[PDB]
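Everything below concerns the one structure shown next.
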2 protein chains.
Amino acid sequence: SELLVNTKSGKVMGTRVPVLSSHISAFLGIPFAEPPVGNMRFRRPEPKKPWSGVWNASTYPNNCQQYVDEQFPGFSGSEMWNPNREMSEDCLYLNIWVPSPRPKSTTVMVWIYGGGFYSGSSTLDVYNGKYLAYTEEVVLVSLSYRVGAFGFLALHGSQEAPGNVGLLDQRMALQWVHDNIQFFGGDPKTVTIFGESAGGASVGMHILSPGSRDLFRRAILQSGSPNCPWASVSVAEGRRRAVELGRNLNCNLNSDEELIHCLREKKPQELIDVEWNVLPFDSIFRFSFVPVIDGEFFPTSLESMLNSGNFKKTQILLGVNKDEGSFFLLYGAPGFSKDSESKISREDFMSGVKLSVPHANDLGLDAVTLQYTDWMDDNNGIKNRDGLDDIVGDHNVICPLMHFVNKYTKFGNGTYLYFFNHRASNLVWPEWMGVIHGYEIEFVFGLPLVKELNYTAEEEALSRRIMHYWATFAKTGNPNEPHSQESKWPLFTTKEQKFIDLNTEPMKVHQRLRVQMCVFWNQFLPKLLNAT
Amino acid sequence: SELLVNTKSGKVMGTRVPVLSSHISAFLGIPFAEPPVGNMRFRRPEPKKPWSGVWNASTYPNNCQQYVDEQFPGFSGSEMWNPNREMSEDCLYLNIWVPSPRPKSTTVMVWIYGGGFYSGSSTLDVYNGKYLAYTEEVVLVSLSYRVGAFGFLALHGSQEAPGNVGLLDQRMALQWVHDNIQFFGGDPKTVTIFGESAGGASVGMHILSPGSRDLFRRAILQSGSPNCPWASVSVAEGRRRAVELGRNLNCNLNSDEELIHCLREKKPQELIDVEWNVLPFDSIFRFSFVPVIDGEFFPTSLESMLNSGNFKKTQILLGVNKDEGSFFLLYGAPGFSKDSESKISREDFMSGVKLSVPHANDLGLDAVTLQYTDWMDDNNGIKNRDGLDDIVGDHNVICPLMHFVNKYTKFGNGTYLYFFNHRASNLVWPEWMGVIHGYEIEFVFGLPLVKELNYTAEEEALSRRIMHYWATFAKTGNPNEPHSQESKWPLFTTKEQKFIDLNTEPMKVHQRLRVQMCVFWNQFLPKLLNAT
Ligand SMILES: *[C@@H]1O[C@H](CO)[C@@H](O)[C@H](O)[C@H]1NC(C)=O
Ligand SMILES: *[C@@H]1O[C@H](CO)[C@@H](O)[C@H](O)[C@H]1NC(C)=O
Ligand SMILES: *[C@@H]1O[C@H](CO)[C@@H](O)[C@H](O)[C@H]1NC(C)=O
Ligand SMILES: *[C@@H]1O[C@H](CO)[C@@H](O)[C@H](O)[C@H]1NC(C)=O
Ligand SMILES: CC(=O)SCC[N+](C)(C)C
Ligand SMILES: CC(=O)SCC[N+](C)(C)C
Ligand SMILES: [Cl-]
Ligand SMILES: [Cl-]
Ligand SMILES: [Cl-]
Ligand SMILES: [Cl-]
Ligand SMILES: [Cl-]
Ligand SMILES: [Cl-]
Ligand SMILES: [Cl-]
Ligand SMILES: [Cl-]
Ligand SMILES: [Cl-]
Ligand SMILES: [Cl-]
Ligand SMILES: [Cl-]
Ligand SMILES: [Cl-]
Ligand SMILES: [Cl-]
Ligand SMILES: [Cl-]
């Protein structure tokens, strides 16, 4: 049976799924680790004990315990990202979409979901890999990993809650793929990992961590980089937040042992109810439990690893969206609302700047303000709004990514950079938000090819062009079709620094993405803050 | 006799001079102070003892002892500013151009020459007031004052060389005008003082100093402000330079008395030969002997006087030229030459920045560089050149002036601001230098009306329009002709901050002159340098 596969962990039975007037195989909910429940909470993941009989992989698995966005009840724009299955700590499973007939040794792509390390699900409609697997004929895998305190609580020095376990969950799934994907017709030697925001930062982290490098061939990072200011904390900061979390749950704080024991006796939702209370500052685009620079998963500081070339050298494809910051301003910055144009007063602009650069002294805040203020029209509510939007995106996603791309390219084997600036015609979010964080994903997964979703024909063409870039890159390490007719996406070099726009218009090439602002964030501001 | 005038100092005999197919009276070289020679060198000026008989005021007087520009021997562009008479310490005289027939009580305008306080002459061809006196029918006076060590050596606490004497020379001439101008048909109650660069800074200094306020009605400042970074030094810095000057002349430095005695025994040229050796830093647009904030001529700091409104409240008309810095970059910045386009390398740009902001630490220099660098095209030699040009002009003239105008306007009785950006068609200096420092003067004095000078007809029209703005302002405190047909030069207000362009095109109104860059120089950079 085409739907029956025998793996080293045991046999699994898939299900036939329809896709674009055709069909393919799907193996949903395959376990790759033992349930991290009970006393295994906060601990590293243990490999799934092989099973007897046949595992039913016909339906999606539970989602990991996580905070749920209720900011706009019933609104599809926000709820499309929420868990669409039952939540449980028993959530370590993976999904596989296999072309029909089953391949013998084709390209593999593993998706790592984003969500600021505090949320995320592999089962979202926007992550359904059947379209991509079918259209580009690749084996598409989507993994899962613990988020929130469950996956990143960090009490360095301890073995019950070392930190980064959520990252180890990812690695274990990659290990499972490396060991069993052949049985599904996948080529374990041509695996490409890709993800967005926290997932993109994750991809970069596996590129850096020695213990992950051998498990994949190349990588794609979307709107996320390992060096982002929100993607990691020091061991001391991680410890402070863990203790503070315990303080919120009236725990005994005399020892790690006692703290960990107390937290383990709490129900999942109890940890989630107070998770946001441990942030050090009033801020936006900052999440409580994220990876920790432990000296283990990460040997040394991210920057020193990047400077010395201490990382996997291969090919990478990465990029950003035009308005990465709008979402986080809506949810927390004063003056922004979902149903208004959100024109920002000068006062609110100032408040926003402070929320955006929490680690800044007055001089730093002044530098940022001056850098993003048009002094010939400083009371222009639209410029203030758009200016704040740029500040958040530049600081949190674009400039950190540009720093990563420039450092990696010095030792890498090929870089491809993109700038996604197409706002979908069927977007339910307001116009002022522009090309939102995470809204290139629907194009990467081919949702536009689905007529009932109501995208324009041009948007379907873009989706197909993007899916082919991604799949072709995953297969050859070059997004371009050898001996092709269409325009060529040029390599990004240290000298030329070329990139392309990804939109419904004919491809255009540019150079030095957001260079003026990124010199500010990556060189000047840091010097200023350090000197003061 | 129309050429014979009897003043409180004695009788003077003028000369009839031709001007634009007509004639007027001229009284050249009238003394207003005793010769500051011998033991009077460095001392405050003493009023000229009245004389018996008739003083021959038919020819120009000697020029004060000063450094002479020999950077381009035979070049008119530079030599037109050099002394055109014999130099002597006996140089305290004034010149008067009186309409014919002699008026009874008309508007008076007193010109104060510029030249960085280290040079200048009232007898330059470009300062001939016959055209302005004739065309606008005003009594035009041009004074003189000691420059260099002779007029500004400052050993605060001493009475032999207190400092600011060159400014006192100016005041004495203003006093003389206040007492005797009536005899020449001038109205001592409607005197307007005006000057360019150091002369413009001087005008502002008389507006501030209590001892000068009662001697004039209103003021005009061209490309200069009292608060310019080069226009003054502290008493301690003034003292350091005086001592260092003495050290250069192998003087006894045991006491002010001995230092002053030694300097007085030196020949004029001996002081001038080493004058530039006392500057504290390698720099451009910085002059050795300038006014000193002594607590006497200036009661308190310039900034505190401006904030509290401790200054003469009247009407003022002021402005700047488009490329104030080009001249000083040519003479000292590496990479600039008179006969080349002076395209600047990135290295030379960096060196220039350092020469331009001598009081800056590395962080400050980085701030300036970032502020004026186009990172999408940082090796563009023309942008680098023009960028440096802006840095020098913004820092040394424009932003300081904008700071002054905004502070004065809060307490003043009417402000008129202009931006002069017309490059003369017969300019002998290279094109890259643009609208040079001091090149609006020829238009203020009506040289374009002289056919043999070869200006375009449009340039003659501009000159006449500027001369009428200046003269009309001097007369009424408003440059605009009451019930006029031409466009109106609007008042500059704290809120609107309107100004006009002065060029051969039809008047245009703008707002917030160089606001973006001046917020940098006037608010941000100072904070940065103070915090670091
Ligand atoms: C699980 O597998 C069975 C076949 O053994 C199938 O009938 C069922 O639909 C699958 N999922 C469930 C329990 O609904
Ligand atoms: C990638 O590496 C191969 C050798 O392994 C080399 O020949 C090729 O030029 C490299 N390409 C890039 C873009 O560095
Ligand atoms: C000085 O005045 C006399 C008349 O007494 C005149 O002849 C002469 O030209 C004037 N200047 C000189 C000395 O040339
Ligand atoms: C100038 O002062 C007079 C009173 O002395 C006042 O009436 C007039 O409005 C003032 N004008 C300006 C521009 O301040
Ligand atoms: C980007 C986000 O979803 S903000 C997190 C929710 N919070 C504001 C209630 C803490
Ligand atoms: C602006 C200037 O004339 S520079 C002064 C002359 N120096 C360079 C020889 C000291
Ligand atoms: Cl077998
Ligand atoms: Cl086996
Ligand atoms: Cl479908
Ligand atoms: Cl708090
Ligand atoms: Cl960069
Ligand atoms: Cl949507
Ligand atoms: Cl909408
Ligand atoms: Cl008489
Ligand atoms: Cl008398
Ligand atoms: Cl003439
Ligand atoms: Cl030196
Ligand atoms: Cl200003
Ligand atoms: Cl000239
Ligand atoms: Cl020329």
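In what follows, chains carry the letters A, B, and so on, assigned in the order in which the sequence lines appear, proteins first and then strands, with residues in each chain numbered from 1. Each ligand, and each atom within it, is numbered from 1 in the order the structure gives.
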Classify the side-chain pair [X]/[Y] by whether it contains a donor and acceptor separated by less than 3.5 Å.
{"X": "B/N63", "Y": "B/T123", "value": "yes"}
{"X": "A/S9", "Y": "A/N180", "value": "no"}
{"X": "A/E303", "Y": "A/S301", "value": "no"}

**Study point:** Side-chain heavy atoms of A/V139 within contact of A/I96, under 4.5 Å
**Key:** yes
**Study point:** Pairwise side-chain contact, A/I500 with A/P490, heavy-atom cut-off 4.5 Å (strictly under)
**Key:** yes
Check your understanding: For ligand 3, which atoms, with element, lie under 4.0 Å from some heavy atom of B/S58?
Key -> 1 (C), 10 (C), 11 (N)
Exercise for review: Please say whether the positively charged group of A/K407, taken as NZ for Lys or CZ for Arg, lies over the ring of A/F311, i.e. under 6.0 angstrom from the six-membered ring centre and within 45 degrees of the axis.
Suggested key: no
Can you list every pair where an N/O of ligand 2 is under 3.5 Å from an N/O on the protein?
{"residue": "ligand 2", "atom": "2 (O)", "partner": "A/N413", "partner atom": "OD1", "Å": "3.4"}
{"residue": "ligand 2", "atom": "2 (O)", "partner": "A/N413", "partner atom": "ND2", "Å": "2.4"}
{"residue": "ligand 2", "atom": "11 (N)", "partner": "A/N413", "partner atom": "ND2", "Å": "2.9"}
{"residue": "ligand 2", "atom": "14 (O)", "partner": "A/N413", "partner atom": "ND2", "Å": "3.1"}

